[PDB]
file my_file18.pdb (PDB, N, CA and C atoms)
MODEL        1
ATOM      1  N   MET K   1     -40.496  74.783  70.861  1.00  0.00           N
ATOM      2  CA  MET K   1     -41.622  74.625  71.822  1.00  0.00           C
ATOM      3  C   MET K   1     -41.026  74.594  73.250  1.00  0.00           C
ATOM      4  N   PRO K   2     -41.506  75.428  74.151  1.00  0.00           N
ATOM      5  CA  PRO K   2     -41.057  75.411  75.578  1.00  0.00           C
ATOM      6  C   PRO K   2     -41.426  74.061  76.214  1.00  0.00           C
ATOM      7  N   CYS K   3     -42.590  73.590  75.843  1.00  0.00           N
ATOM      8  CA  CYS K   3     -43.112  72.286  76.358  1.00  0.00           C
ATOM      9  C   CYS K   3     -42.632  71.172  75.401  1.00  0.00           C
ATOM     10  N   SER K   4     -43.170  69.983  75.540  1.00  0.00           N
ATOM     11  CA  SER K   4     -42.757  68.847  74.649  1.00  0.00           C
ATOM     12  C   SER K   4     -43.713  67.649  74.749  1.00  0.00           C
ATOM     13  N   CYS K   5     -44.055  67.098  73.610  1.00  0.00           N
ATOM     14  CA  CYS K   5     -44.978  65.922  73.567  1.00  0.00           C
ATOM     15  C   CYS K   5     -44.206  64.595  73.663  1.00  0.00           C
ATOM     16  N   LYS K   6     -44.517  63.842  74.690  1.00  0.00           N
ATOM     17  CA  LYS K   6     -43.865  62.515  74.938  1.00  0.00           C
ATOM     18  C   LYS K   6     -44.879  61.569  75.608  1.00  0.00           C
ATOM     19  N   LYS K   7     -44.649  60.283  75.474  1.00  0.00           N
ATOM     20  CA  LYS K   7     -45.570  59.271  76.096  1.00  0.00           C
ATOM     21  C   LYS K   7     -45.437  59.402  77.621  1.00  0.00           C
ATOM     22  N   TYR K   8     -44.222  59.682  78.018  1.00  0.00           N
ATOM     23  CA  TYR K   8     -43.858  59.858  79.456  1.00  0.00           C
ATOM     24  C   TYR K   8     -42.916  61.065  79.535  1.00  0.00           C
ATOM     25  N   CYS K   9     -42.821  61.652  80.698  1.00  0.00           N
ATOM     26  CA  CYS K   9     -41.940  62.836  80.881  1.00  0.00           C
ATOM     27  C   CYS K   9     -40.504  62.473  81.270  1.00  0.00           C
ATOM     28  N   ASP K  10     -39.733  63.521  81.408  1.00  0.00           N
ATOM     29  CA  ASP K  10     -38.295  63.415  81.787  1.00  0.00           C
ATOM     30  C   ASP K  10     -38.232  63.460  83.328  1.00  0.00           C
ATOM     31  N   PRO K  11     -37.152  62.997  83.916  1.00  0.00           N
ATOM     32  CA  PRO K  11     -36.924  63.136  85.388  1.00  0.00           C
ATOM     33  C   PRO K  11     -37.053  64.598  85.860  1.00  0.00           C
ATOM     34  N   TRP K  12     -36.803  65.515  84.954  1.00  0.00           N
ATOM     35  CA  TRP K  12     -36.889  66.975  85.276  1.00  0.00           C
ATOM     36  C   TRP K  12     -38.154  67.642  84.701  1.00  0.00           C
ATOM     37  N   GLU K  13     -38.895  66.907  83.907  1.00  0.00           N
ATOM     38  CA  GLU K  13     -40.145  67.456  83.290  1.00  0.00           C
ATOM     39  C   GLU K  13     -41.399  66.759  83.862  1.00  0.00           C
ATOM     40  N   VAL K  14     -42.530  67.427  83.773  1.00  0.00           N
ATOM     41  CA  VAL K  14     -43.823  66.862  84.295  1.00  0.00           C
ATOM     42  C   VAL K  14     -44.975  67.093  83.295  1.00  0.00           C
ATOM     43  N   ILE K  15     -45.928  66.189  83.311  1.00  0.00           N
ATOM     44  CA  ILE K  15     -47.115  66.270  82.403  1.00  0.00           C
ATOM     45  C   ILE K  15     -47.851  67.613  82.513  1.00  0.00           C
ATOM     46  N   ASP K  16     -48.552  67.942  81.457  1.00  0.00           N
ATOM     47  CA  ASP K  16     -49.326  69.220  81.407  1.00  0.00           C
ATOM     48  C   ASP K  16     -50.575  69.086  80.511  1.00  0.00           C
ATOM     49  N   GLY K  17     -50.595  68.081  79.667  1.00  0.00           N
ATOM     50  CA  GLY K  17     -51.770  67.877  78.761  1.00  0.00           C
ATOM     51  C   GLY K  17     -51.735  66.510  78.063  1.00  0.00           C
ATOM     52  N   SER K  18     -52.408  66.441  76.937  1.00  0.00           N
ATOM     53  CA  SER K  18     -52.474  65.176  76.136  1.00  0.00           C
ATOM     54  C   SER K  18     -52.336  65.454  74.631  1.00  0.00           C
ATOM     55  N   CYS K  19     -51.202  65.067  74.097  1.00  0.00           N
ATOM     56  CA  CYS K  19     -50.906  65.263  72.641  1.00  0.00           C
ATOM     57  C   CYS K  19     -51.185  63.988  71.834  1.00  0.00           C
ATOM     58  N   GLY K  20     -50.907  64.069  70.558  1.00  0.00           N
ATOM     59  CA  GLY K  20     -51.122  62.914  69.637  1.00  0.00           C
ATOM     60  C   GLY K  20     -52.487  63.036  68.959  1.00  0.00           C
ATOM     61  N   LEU K  21     -52.969  61.921  68.474  1.00  0.00           N
ATOM     62  CA  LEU K  21     -54.292  61.887  67.786  1.00  0.00           C
ATOM     63  C   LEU K  21     -55.404  61.612  68.802  1.00  0.00           C
ATOM     64  N   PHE K  22     -55.426  60.417  69.330  1.00  0.00           N
ATOM     65  CA  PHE K  22     -56.461  60.031  70.339  1.00  0.00           C
ATOM     66  C   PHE K  22     -55.928  60.347  71.752  1.00  0.00           C
ATOM     67  N   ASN K  23     -55.200  61.437  71.851  1.00  0.00           N
ATOM     68  CA  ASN K  23     -54.601  61.889  73.152  1.00  0.00           C
ATOM     69  C   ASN K  23     -53.694  60.807  73.774  1.00  0.00           C
ATOM     70  N   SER K  24     -53.262  59.898  72.935  1.00  0.00           N
ATOM     71  CA  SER K  24     -52.374  58.776  73.369  1.00  0.00           C
ATOM     72  C   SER K  24     -51.067  59.303  73.982  1.00  0.00           C
ATOM     73  N   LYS K  25     -50.560  60.354  73.391  1.00  0.00           N
ATOM     74  CA  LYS K  25     -49.292  60.974  73.881  1.00  0.00           C
ATOM     75  C   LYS K  25     -49.655  62.037  74.931  1.00  0.00           C
ATOM     76  N   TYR K  26     -48.653  62.515  75.628  1.00  0.00           N
ATOM     77  CA  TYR K  26     -48.869  63.553  76.689  1.00  0.00           C
ATOM     78  C   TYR K  26     -48.075  64.829  76.439  1.00  0.00           C
ATOM     79  N   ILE K  27     -48.699  65.942  76.733  1.00  0.00           N
ATOM     80  CA  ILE K  27     -48.040  67.269  76.543  1.00  0.00           C
ATOM     81  C   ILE K  27     -47.317  67.517  77.857  1.00  0.00           C
ATOM     82  N   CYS K  28     -46.078  67.115  77.860  1.00  0.00           N
ATOM     83  CA  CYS K  28     -45.245  67.289  79.079  1.00  0.00           C
ATOM     84  C   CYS K  28     -44.424  68.581  79.007  1.00  0.00           C
ATOM     85  N   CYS K  29     -44.643  69.440  79.973  1.00  0.00           N
ATOM     86  CA  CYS K  29     -43.912  70.745  80.029  1.00  0.00           C
ATOM     87  C   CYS K  29     -42.932  70.787  81.210  1.00  0.00           C
ATOM     88  N   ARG K  30     -41.902  71.579  81.039  1.00  0.00           N
ATOM     89  CA  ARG K  30     -40.836  71.751  82.082  1.00  0.00           C
ATOM     90  C   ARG K  30     -41.367  72.084  83.487  1.00  0.00           C
ATOM     91  N   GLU K  31     -40.618  71.649  84.470  1.00  0.00           N
ATOM     92  CA  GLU K  31     -40.986  71.890  85.898  1.00  0.00           C
ATOM     93  C   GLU K  31     -40.396  73.245  86.325  1.00  0.00           C
ATOM     94  N   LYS K  32     -41.142  74.284  86.039  1.00  0.00           N
ATOM     95  CA  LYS K  32     -40.708  75.677  86.389  1.00  0.00           C
ATOM     96  C   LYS K  32     -41.764  76.373  87.270  1.00  0.00           C
TER      97      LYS K  32
ENDMDL
END

call {"tool": "encode", "arguments": {"input": "my_file18.pdb", "output": "structure tokens"}}
result
Amino acid sequence: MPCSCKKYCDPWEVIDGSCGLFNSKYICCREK
């Protein structure tokens, strides 16, 4: 996956959506 599901992003990555079941997690994709 180019993107990645995490509760919070990386110092080099930024949010892009909401993953998980009740959207609890976030679809964080690379800062490009």

call {"tool": "resolve_selection", "arguments": {"input": "my_file18.pdb", "expression": "the PyMOL selection byres ((chain K and resi 15) around 8)", "output": "PyMOL selection string"}}
result
chain K and resi 8-10+13-14+16-18+26-31

call {"tool": "atom_distance", "arguments": {"input": "my_file18.pdb", "atom1": "atom N of residue 24 of chain K", "atom2": "atom N of residue 5 of chain K"}}
result
11.7 Å

call {"tool": "atom_distance", "arguments": {"input": "my_file18.pdb", "atom1": "atom N of residue 7 of chain K", "atom2": "atom N of residue 25 of chain K"}}
result
6.3 Å

call {"tool": "atom_distance", "arguments": {"input": "my_file18.pdb", "atom1": "atom CA of residue 32 of chain K", "atom2": "atom N of residue 6 of chain K"}}
result
17.1 Å

call {"tool": "select_by_dssp", "arguments": {"input": "my_file18.pdb", "residues": "chain K", "states": "strand (DSSP E or B)", "output": "VMD selection string"}}
result
chain K and resid 4 to 6 13 to 17 26 to 30
